[PDB]
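*Asks:*
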């Protein structure tokens, strides 16, 4: 449990990002947790993501005015979220 508060249980990896589900990226690897991803998943969805200067301990959905997602992995400084599913507000 580090990075973002996932106490809601909405995320399975703990990688919460503010992603656009309308904007997407042509590059899609995610080699942080998914060091070897190519032999497991090729359907990985890479949506364009952006995290407005975060405060520590703060909630992703309140920190930014975008969609809070749970990425299985994220590329770059968090610009490309791999398999980021929009986490519920519940």
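Numbering (my numbering), first residue to last: 627 to 716. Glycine is no exception: its CB is placed at the ideal position from the N, C-alpha and C atoms.
Have a look at the DSSP bridge pairing and note the partners of residue 642.
*Replies:* The partner list for residue 642 (beta bridge, DSSP) reads 696.
*Asks:* Determine contact between the segment 694 to 706 and the segment 641 to 661, defined as no fewer than three beta-carbon pairs at a distance below 8 Å.
*Replies:* Touching, yes, given that three or more Cβ pairs across the two stretches are closer than 8 Å.
*Asks:* Can you tell me which of the three DSSP states residue 658 falls into?
*Replies:* Coil.
*Asks:* Do residue 673 and residue 649 have their beta-carbon atoms positioned less than 9 Å apart in this structure?
*Replies:* Yes; because the gap between Cβ atoms is below 9 Å, this pair is in contact.
*Asks:* Report the three-state DSSP secondary structure of residue 687 (helix, strand or coil).
*Replies:* It is helical.
*Asks:* Between residue 635 and the ligand FAD, is the CB less than 8 Å from at least one heavy atom?
*Replies:* Among the components of this structure there are no ligands whatsoever, and the ligand FAD is therefore not found.
*Asks:* Compute the Euclidean distance between the alpha carbons of residue 688 and residue 645, then round it to the nearest angstrom.
*Replies:* Their Cα atoms are separated by approximately 13 Å.
*Asks:* Label residue 694 either buried or exposed according to how many other C-beta atoms from any shown protein chain fall within 10 Å of its C-beta, with 16 as the threshold for buried.
*Replies:* With 16 or more other Cβ atoms within 10 Å, it is buried.
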